[PDB]
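One file, run35.tsv, is given below (TSV, C-alpha atoms).
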chain	number	residue	atom	x	y	z
X	3	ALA	CA	107.79	-17.30	-22.41
X	4	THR	CA	105.98	-18.96	-19.48
X	5	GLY	CA	107.70	-22.30	-20.05
X	6	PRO	CA	105.81	-25.62	-19.93
X	7	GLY	CA	102.76	-26.13	-17.75
X	8	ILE	CA	99.02	-26.43	-17.41
X	9	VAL	CA	96.22	-23.88	-17.51
X	10	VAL	CA	92.75	-24.41	-16.09
X	11	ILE	CA	90.20	-22.68	-18.31
X	12	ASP	CA	86.53	-21.87	-17.70
X	13	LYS	CA	85.24	-22.62	-21.22
X	14	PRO	CA	82.54	-20.25	-22.55
X	15	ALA	CA	79.28	-21.73	-23.90
X	16	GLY	CA	79.15	-22.72	-27.58
X	17	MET	CA	82.92	-22.90	-28.01
X	18	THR	CA	84.61	-26.16	-28.98
X	19	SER	CA	87.52	-27.53	-26.94
X	20	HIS	CA	89.52	-27.41	-30.20
X	21	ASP	CA	88.99	-23.64	-30.51
X	22	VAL	CA	90.07	-23.05	-26.90
X	23	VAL	CA	93.32	-24.81	-27.83
X	24	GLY	CA	93.39	-22.48	-30.84
X	25	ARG	CA	93.06	-19.35	-28.68
X	26	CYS	CA	95.75	-20.62	-26.28
X	27	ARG	CA	98.15	-21.12	-29.19
X	28	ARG	CA	97.86	-17.38	-29.85
X	29	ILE	CA	97.91	-16.32	-26.17
X	30	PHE	CA	101.01	-18.36	-25.26
X	31	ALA	CA	102.72	-17.74	-28.63
X	32	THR	CA	103.36	-21.44	-29.33
X	33	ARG	CA	101.95	-24.31	-31.42
X	34	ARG	CA	102.53	-26.98	-28.77
X	35	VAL	CA	99.15	-26.84	-27.02
X	36	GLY	CA	96.62	-29.56	-26.18
X	37	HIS	CA	93.69	-30.40	-23.92
X	38	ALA	CA	93.16	-33.24	-21.42
X	39	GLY	CA	89.74	-34.31	-22.70
X	40	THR	CA	86.87	-32.67	-24.52
X	41	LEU	CA	84.12	-30.63	-22.91
X	42	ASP	CA	80.89	-30.47	-24.88
X	43	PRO	CA	80.46	-27.32	-27.01
X	44	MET	CA	77.17	-26.35	-25.28
X	45	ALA	CA	78.72	-26.83	-21.83
X	46	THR	CA	80.84	-24.40	-19.81
X	47	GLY	CA	83.46	-24.98	-17.16
X	48	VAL	CA	86.64	-26.89	-16.47
X	49	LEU	CA	88.88	-27.65	-19.45
X	50	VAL	CA	92.52	-28.49	-18.73
X	51	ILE	CA	95.08	-27.22	-21.24
X	52	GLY	CA	98.73	-28.27	-21.53
X	53	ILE	CA	101.43	-25.94	-22.87
X	54	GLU	CA	104.73	-27.10	-24.44
X	55	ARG	CA	106.11	-30.36	-22.98
X	56	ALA	CA	103.15	-30.47	-20.58
X	57	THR	CA	101.23	-31.93	-23.55
X	58	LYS	CA	103.05	-35.15	-22.53
X	59	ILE	CA	101.04	-35.44	-19.29
X	60	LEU	CA	97.61	-34.79	-20.84
X	61	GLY	CA	96.92	-38.53	-21.14
X	62	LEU	CA	97.41	-38.92	-17.38
X	63	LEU	CA	94.70	-36.32	-16.73
X	64	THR	CA	92.01	-37.61	-19.10
X	65	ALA	CA	90.57	-40.50	-17.03
X	66	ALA	CA	90.14	-38.28	-13.94
X	67	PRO	CA	86.72	-38.21	-12.20
X	68	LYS	CA	84.46	-35.39	-13.34
X	69	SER	CA	81.65	-33.45	-11.71
X	70	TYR	CA	78.94	-31.47	-13.51
X	71	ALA	CA	76.13	-29.14	-12.54
X	72	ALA	CA	73.23	-29.49	-14.94
X	73	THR	CA	69.70	-28.32	-15.53
X	74	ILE	CA	67.20	-30.79	-17.00
X	75	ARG	CA	63.84	-29.80	-18.45
X	76	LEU	CA	61.20	-32.46	-17.78
X	77	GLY	CA	58.19	-32.66	-20.07
X	78	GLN	CA	59.97	-32.09	-23.39
X	79	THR	CA	62.30	-33.98	-25.70
X	80	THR	CA	64.37	-32.16	-28.34
X	81	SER	CA	66.12	-33.19	-31.58
X	82	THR	CA	69.55	-32.69	-29.97
X	83	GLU	CA	68.57	-33.78	-26.43
X	84	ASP	CA	69.54	-30.23	-25.39
X	85	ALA	CA	68.12	-26.68	-25.52
X	86	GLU	CA	69.74	-26.07	-28.93
X	87	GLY	CA	67.31	-28.41	-30.70
X	88	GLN	CA	63.64	-28.20	-31.60
X	89	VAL	CA	61.08	-29.64	-29.17
X	90	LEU	CA	59.84	-33.00	-30.53
X	91	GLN	CA	57.56	-34.43	-27.82
X	92	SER	CA	55.76	-32.35	-25.19
X	93	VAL	CA	53.61	-33.63	-22.31
X	94	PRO	CA	52.88	-32.10	-18.86
X	95	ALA	CA	55.25	-33.12	-16.05
X	96	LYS	CA	53.16	-31.38	-13.38
X	97	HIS	CA	52.08	-34.65	-11.68
X	98	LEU	CA	55.68	-35.55	-10.81
X	99	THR	CA	56.86	-35.28	-7.21
X	100	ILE	CA	60.31	-34.78	-5.71
X	101	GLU	CA	60.05	-38.38	-4.44
X	102	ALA	CA	59.41	-39.74	-7.95
X	103	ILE	CA	62.15	-37.65	-9.59
X	104	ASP	CA	64.73	-38.41	-6.89
X	105	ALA	CA	63.94	-42.15	-7.03
X	106	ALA	CA	64.28	-42.30	-10.83
X	107	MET	CA	67.60	-40.43	-10.52
X	108	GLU	CA	68.88	-42.91	-7.90
X	109	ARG	CA	67.93	-45.79	-10.22
X	110	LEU	CA	70.07	-44.33	-13.03
X	111	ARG	CA	73.25	-44.51	-10.93
X	112	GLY	CA	75.55	-47.34	-12.00
X	113	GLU	CA	77.54	-48.56	-15.00
X	114	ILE	CA	76.24	-48.05	-18.55
X	143	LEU	CA	84.54	-49.04	-31.87
X	144	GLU	CA	84.62	-50.84	-28.53
X	145	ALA	CA	81.83	-50.42	-25.97
X	146	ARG	CA	83.16	-48.49	-22.97
X	147	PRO	CA	81.83	-48.71	-19.39
X	148	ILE	CA	80.56	-45.30	-18.25
X	149	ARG	CA	79.87	-44.88	-14.54
X	150	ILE	CA	77.21	-42.50	-13.26
X	151	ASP	CA	78.42	-42.45	-9.67
X	152	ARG	CA	76.23	-39.65	-8.35
X	153	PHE	CA	72.99	-38.13	-9.65
X	154	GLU	CA	71.78	-35.70	-6.99
X	155	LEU	CA	68.78	-33.38	-7.03
X	156	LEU	CA	69.47	-29.80	-5.92
X	157	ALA	CA	66.32	-27.89	-6.87
X	158	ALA	CA	63.08	-28.14	-8.83
X	159	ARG	CA	60.99	-25.36	-10.36
X	160	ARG	CA	57.60	-25.42	-12.05
X	161	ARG	CA	57.46	-23.79	-15.47
X	162	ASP	CA	53.75	-24.05	-16.32
X	163	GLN	CA	53.31	-27.67	-17.49
X	164	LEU	CA	57.03	-28.48	-17.17
X	165	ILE	CA	59.51	-29.07	-14.35
X	166	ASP	CA	63.10	-27.80	-14.45
X	167	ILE	CA	65.53	-29.59	-12.15
X	168	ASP	CA	69.04	-28.57	-11.09
X	169	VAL	CA	71.25	-31.61	-10.58
X	170	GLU	CA	74.82	-32.62	-9.82
X	171	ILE	CA	76.46	-35.49	-11.63
X	172	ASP	CA	79.66	-37.33	-10.76
X	173	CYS	CA	80.84	-39.55	-13.57
X	174	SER	CA	83.88	-41.11	-15.20
X	175	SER	CA	82.94	-39.23	-18.38
X	176	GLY	CA	80.29	-36.61	-19.21
X	177	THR	CA	79.98	-37.68	-22.87
X	178	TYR	CA	76.56	-39.26	-22.34
X	179	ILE	CA	74.97	-36.74	-19.96
X	180	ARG	CA	72.39	-35.89	-22.65
X	181	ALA	CA	71.51	-39.61	-22.79
X	182	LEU	CA	71.23	-39.62	-18.99
X	183	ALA	CA	68.76	-36.70	-19.09
X	184	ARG	CA	66.82	-38.47	-21.86
X	185	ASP	CA	66.83	-41.72	-19.83
X	186	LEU	CA	65.51	-39.85	-16.77
X	187	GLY	CA	62.74	-38.26	-18.83
X	188	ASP	CA	61.96	-41.70	-20.25
X	189	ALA	CA	61.90	-43.33	-16.80
X	190	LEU	CA	59.43	-40.72	-15.56
X	191	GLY	CA	57.31	-40.96	-18.72
X	192	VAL	CA	57.54	-37.23	-19.49
X	193	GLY	CA	60.70	-36.89	-21.57
X	194	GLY	CA	63.70	-34.74	-20.74
X	195	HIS	CA	66.54	-32.70	-22.18
X	196	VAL	CA	69.53	-30.73	-20.89
X	197	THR	CA	69.20	-26.93	-20.79
X	198	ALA	CA	72.47	-26.14	-18.98
X	199	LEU	CA	75.73	-28.02	-18.45
X	200	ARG	CA	78.73	-26.83	-16.44
X	201	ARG	CA	81.76	-28.93	-15.56
X	202	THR	CA	82.78	-28.08	-12.00
X	203	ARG	CA	85.65	-30.56	-11.64
X	204	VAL	CA	88.25	-32.51	-13.56
X	205	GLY	CA	90.30	-34.54	-11.09
X	206	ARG	CA	92.13	-32.15	-8.77
X	207	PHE	CA	91.04	-29.11	-10.82
X	208	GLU	CA	87.91	-27.17	-9.88
X	209	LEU	CA	86.38	-23.88	-11.09
X	210	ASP	CA	88.17	-21.86	-8.37
X	211	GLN	CA	91.41	-22.49	-10.30
X	212	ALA	CA	89.76	-21.83	-13.69
X	213	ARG	CA	90.20	-18.56	-15.58
X	214	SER	CA	88.26	-17.11	-18.50
X	215	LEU	CA	89.91	-16.72	-21.92
X	216	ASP	CA	89.70	-12.90	-21.75
X	217	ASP	CA	91.26	-12.97	-18.26
X	218	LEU	CA	94.05	-15.13	-19.70
X	219	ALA	CA	94.55	-12.87	-22.73
X	220	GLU	CA	94.95	-9.85	-20.43
X	221	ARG	CA	97.71	-11.49	-18.38
X	222	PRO	CA	99.03	-14.72	-19.97
X	223	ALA	CA	100.08	-17.11	-17.20
X	224	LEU	CA	100.10	-20.83	-16.43
X	225	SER	CA	97.98	-22.23	-13.61
X	226	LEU	CA	100.87	-24.54	-12.75
X	227	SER	CA	104.33	-25.11	-14.19
X	228	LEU	CA	104.96	-28.65	-15.44
X	229	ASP	CA	107.16	-29.26	-12.37
X	230	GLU	CA	104.36	-28.00	-10.09
X	231	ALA	CA	101.66	-30.09	-11.79
X	232	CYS	CA	103.64	-33.36	-11.54
X	233	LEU	CA	104.62	-32.80	-7.90
X	234	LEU	CA	100.98	-32.01	-7.05
X	235	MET	CA	99.54	-35.02	-8.88
X	236	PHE	CA	102.05	-37.83	-8.27
X	237	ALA	CA	104.27	-39.57	-5.74
X	238	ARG	CA	107.87	-38.36	-5.76
X	239	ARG	CA	111.31	-39.97	-6.03
X	240	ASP	CA	114.57	-38.03	-5.70
X	241	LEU	CA	117.26	-39.33	-8.04
X	242	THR	CA	121.04	-39.21	-7.76
X	243	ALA	CA	122.98	-37.64	-10.66
X	244	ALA	CA	123.49	-41.14	-12.12
X	245	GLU	CA	119.80	-42.08	-11.92
X	246	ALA	CA	118.83	-38.64	-13.28
X	247	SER	CA	121.04	-39.07	-16.36
X	248	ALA	CA	119.49	-42.49	-17.05
X	249	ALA	CA	115.95	-41.09	-16.62
X	250	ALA	CA	116.64	-38.26	-19.10
X	251	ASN	CA	117.43	-40.94	-21.70
X	252	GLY	CA	114.42	-43.10	-20.81
X	253	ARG	CA	116.65	-45.90	-19.48
X	254	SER	CA	115.45	-48.07	-16.57
X	255	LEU	CA	116.41	-47.71	-12.89
X	256	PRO	CA	116.00	-50.00	-9.85
X	257	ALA	CA	112.38	-49.97	-8.64
X	258	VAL	CA	111.64	-48.91	-5.05
X	259	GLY	CA	108.05	-50.16	-4.67
X	260	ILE	CA	106.20	-46.94	-5.48
X	261	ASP	CA	102.51	-47.42	-6.17
X	262	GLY	CA	101.36	-45.77	-9.43
X	263	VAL	CA	102.99	-43.19	-11.75
X	264	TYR	CA	105.56	-41.00	-9.99
X	265	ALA	CA	107.69	-37.90	-10.56
X	266	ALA	CA	111.43	-38.60	-10.73
X	267	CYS	CA	113.33	-35.46	-9.70
X	268	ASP	CA	116.91	-34.20	-9.81
X	269	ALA	CA	118.75	-32.45	-6.96
X	270	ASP	CA	117.15	-29.13	-7.97
X	271	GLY	CA	113.57	-30.44	-7.77
X	272	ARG	CA	113.15	-30.46	-11.55
X	273	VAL	CA	110.94	-33.32	-12.79
X	274	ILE	CA	113.01	-35.26	-15.35
X	275	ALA	CA	110.57	-38.08	-16.02
X	276	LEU	CA	107.39	-39.78	-14.93
X	277	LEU	CA	108.03	-43.43	-14.10
X	278	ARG	CA	106.29	-46.60	-12.90
X	279	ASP	CA	107.80	-49.37	-10.78
X	280	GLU	CA	107.40	-52.81	-12.39
X	281	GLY	CA	108.89	-55.59	-10.26
X	282	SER	CA	112.57	-54.77	-9.67
X	283	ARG	CA	112.86	-52.24	-12.53
X	284	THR	CA	111.30	-48.90	-13.54
X	285	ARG	CA	109.53	-48.21	-16.82
X	286	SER	CA	109.34	-44.73	-18.37
X	287	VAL	CA	105.85	-43.25	-18.69
X	288	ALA	CA	107.01	-39.89	-20.08
X	289	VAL	CA	110.34	-38.08	-20.32
X	290	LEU	CA	109.78	-34.43	-19.40
X	291	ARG	CA	113.34	-33.08	-19.58
X	292	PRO	CA	115.20	-35.06	-22.30

In structure tokens, what does this structure look like?
Amino acid sequence: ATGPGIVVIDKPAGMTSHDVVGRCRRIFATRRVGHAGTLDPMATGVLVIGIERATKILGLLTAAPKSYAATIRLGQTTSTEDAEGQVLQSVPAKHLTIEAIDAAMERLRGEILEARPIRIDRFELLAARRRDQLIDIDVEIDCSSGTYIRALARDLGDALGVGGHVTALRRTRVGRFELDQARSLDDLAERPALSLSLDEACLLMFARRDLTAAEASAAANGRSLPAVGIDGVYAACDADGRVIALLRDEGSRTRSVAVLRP
């Protein structure tokens, strides 16, 4: 009933990204639902959902930069590298200083089936608390993907010689979408609404090209148009501002990325 669009969800802890999609299928009374990239079950925070034909732009959202707030427990390793597993190795971290921790964090910035390059762009220390023999640190991580944040925490613990694991993980950003635009699933169930319509999401994210009636008919069929030198994927709109297709300029001709209004 809402039409196509995107919804920014604040995922609850423990829930899979698949099951969020499941709940949205029920909420929006449709089977055409997808997400723009998994968020770890133990994590909370930003998960971007597409409804109806907005599923066709999900791939353009998946490589977006991400930011996380995390807590790492120094002094203990666990079987899962998070607080859900049993403690395996336990040694006091009490000798560690802010200087030592911060320096080891700085050192872990950089680039880490086919092997994929994962960038840890930022690894910033916010706070540190003593918990008897252990140290809990609150951190912020900017990365291309959060898939190996557990490994990062383990690597930090390893670097400091005390071991580490993640006790809290919260995604604060996916591309343009932060937690201030995110709603809870109960909030969404109460009043089902999109964050943005598909038109709104494309016009926010991409460059824009207004098409004549002739160009608009050709775009709706996925046929090529003359290129105008636009840089990157762009929204090709009709006279009414409706986004017909997402295109890319390649030399003198366009190539269709996705047809949104066939």

With only C-alpha atoms as the atoms that count, which of X:149, X:27, X:13, X:184 lies nearest to residue X:201?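 Counting only C-alpha atoms, the residue closest to residue X:201 is X:13.
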
Long-range neighbours of stretch 35-46 of chain X as a PyMOL selection string, 9 Å cut-off, only C-alpha atoms, 6 positions minimum in chain: chain X and resi 12-20+22-24+26-27+52-57+59-65+84+86+176-177+198-202

Write the residues you've just listed into a file as an mmCIF file, in the frame of the given file, and include C-alpha atoms for each of them.
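Full text of result39.cif as output:
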data_model
loop_
_atom_site.group_PDB
_atom_site.id
_atom_site.type_symbol
_atom_site.label_atom_id
_atom_site.label_comp_id
_atom_site.auth_asym_id
_atom_site.auth_seq_id
_atom_site.Cartn_x
_atom_site.Cartn_y
_atom_site.Cartn_z
ATOM 1 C CA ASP X 12 86.530 -21.870 -17.700
ATOM 2 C CA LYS X 13 85.240 -22.620 -21.220
ATOM 3 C CA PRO X 14 82.540 -20.250 -22.550
ATOM 4 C CA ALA X 15 79.280 -21.730 -23.900
ATOM 5 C CA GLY X 16 79.150 -22.720 -27.580
ATOM 6 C CA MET X 17 82.920 -22.900 -28.010
ATOM 7 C CA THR X 18 84.610 -26.160 -28.980
ATOM 8 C CA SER X 19 87.520 -27.530 -26.940
ATOM 9 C CA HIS X 20 89.520 -27.410 -30.200
ATOM 10 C CA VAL X 22 90.070 -23.050 -26.900
ATOM 11 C CA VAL X 23 93.320 -24.810 -27.830
ATOM 12 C CA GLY X 24 93.390 -22.480 -30.840
ATOM 13 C CA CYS X 26 95.750 -20.620 -26.280
ATOM 14 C CA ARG X 27 98.150 -21.120 -29.190
ATOM 15 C CA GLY X 52 98.730 -28.270 -21.530
ATOM 16 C CA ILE X 53 101.430 -25.940 -22.870
ATOM 17 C CA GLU X 54 104.730 -27.100 -24.440
ATOM 18 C CA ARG X 55 106.110 -30.360 -22.980
ATOM 19 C CA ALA X 56 103.150 -30.470 -20.580
ATOM 20 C CA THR X 57 101.230 -31.930 -23.550
ATOM 21 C CA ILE X 59 101.040 -35.440 -19.290
ATOM 22 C CA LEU X 60 97.610 -34.790 -20.840
ATOM 23 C CA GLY X 61 96.920 -38.530 -21.140
ATOM 24 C CA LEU X 62 97.410 -38.920 -17.380
ATOM 25 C CA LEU X 63 94.700 -36.320 -16.730
ATOM 26 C CA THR X 64 92.010 -37.610 -19.100
ATOM 27 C CA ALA X 65 90.570 -40.500 -17.030
ATOM 28 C CA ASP X 84 69.540 -30.230 -25.390
ATOM 29 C CA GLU X 86 69.740 -26.070 -28.930
ATOM 30 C CA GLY X 176 80.290 -36.610 -19.210
ATOM 31 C CA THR X 177 79.980 -37.680 -22.870
ATOM 32 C CA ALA X 198 72.470 -26.140 -18.980
ATOM 33 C CA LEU X 199 75.730 -28.020 -18.450
ATOM 34 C CA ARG X 200 78.730 -26.830 -16.440
ATOM 35 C CA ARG X 201 81.760 -28.930 -15.560
ATOM 36 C CA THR X 202 82.780 -28.080 -12.000
#

Please compute the atom CA of residue X:222-atom CA of residue X:6 distance, one decimal, in Å. 12.8 Å

Give the answer as one residue: which of X:251, X:242, X:80, X:73 has the shortest atom-to-atom distance to residue X:165, using only C-alpha atoms?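 The shortest atom-to-atom distance to residue X:165 comes from X:73.
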
Calculated over all atoms listed in the file, which of the candidates X:194, X:187, X:67, X:259 has the smallest distance to residue X:175?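 Checking each of X:194, X:187, X:67, X:259 against residue X:175, counting all atoms listed in the file, the winner is X:67.
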
So, with all atoms listed in the file as the atoms that count, which of X:195, X:34, X:291, X:146 lies closest to residue X:246?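 Nearest to residue X:246: X:291.
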
X:279, X:154, X:188, X:144 ranked by distance to residue X:169, top pick (using all atoms listed in the file):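 Going through X:279, X:154, X:188, X:144 one by one, the smallest distance to residue X:169 is for X:154.
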
In Å, with one decimal, what is the gap from atom CA of residue X:98 to atom CA of residue X:112?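 Atom-to-atom, atom CA of residue X:98 and atom CA of residue X:112 are spaced 23.1 Å apart.
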
Between X:58, X:168, X:91, X:224, which is the closest to residue X:289 once you count all atoms listed in the file?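 Once distances to residue X:289 are computed over all atoms listed in the file, the minimum belongs to X:58.
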
For residue X:261, find every residue with an atom within 12 Å (counting only C-alpha atoms), except residues of its own chain fewer than 6 positions away, and show them as a list in words.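 Non-adjacent residues within range: residues 236, 237, 238, 239, 277, 278, 279, 280, 281 and 284 of chain X.
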
Those residues with C-alpha atoms, as a JSON list (two decimals), in the frame of the given file please?
[["chain", "number", "residue", "atom", "x", "y", "z"],
["X", 236, "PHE", "CA", 102.05, -37.83, -8.27],
["X", 237, "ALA", "CA", 104.27, -39.57, -5.74],
["X", 238, "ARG", "CA", 107.87, -38.36, -5.76],
["X", 239, "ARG", "CA", 111.31, -39.97, -6.03],
["X", 277, "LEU", "CA", 108.03, -43.43, -14.10],
["X", 278, "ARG", "CA", 106.29, -46.60, -12.90],
["X", 279, "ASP", "CA", 107.80, -49.37, -10.78],
["X", 280, "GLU", "CA", 107.40, -52.81, -12.39],
["X", 281, "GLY", "CA", 108.89, -55.59, -10.26],
["X", 284, "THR", "CA", 111.30, -48.90, -13.54]]

Compile the contact shell of residue X:102 as a ChimeraX atom specification: residues with an atom at most 12 Å away, counting all atoms listed in the file, same-chain residues fewer than 5 positions apart removed. /X:95-97,107-109,155,186-187,189-192

Between atom CA of residue X:226 and atom CA of residue X:10, distance in Å (one decimal):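 It comes out at 8.8 Å.
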
May I have the residues within 7 Å of residue X:290 as a ChimeraX atom specification, using only C-alpha atoms and disregarding those fewer than 5 positions away in the same chain? /X:55,273-275

Every residue with an atom at most 12 Å from (117.0, -39.5, -5.6) (file coordinates; only C-alpha atoms) is what I'm after, so could you write them as a PyMOL selection string? chain X and resi 238-247+249+255-258+265-274
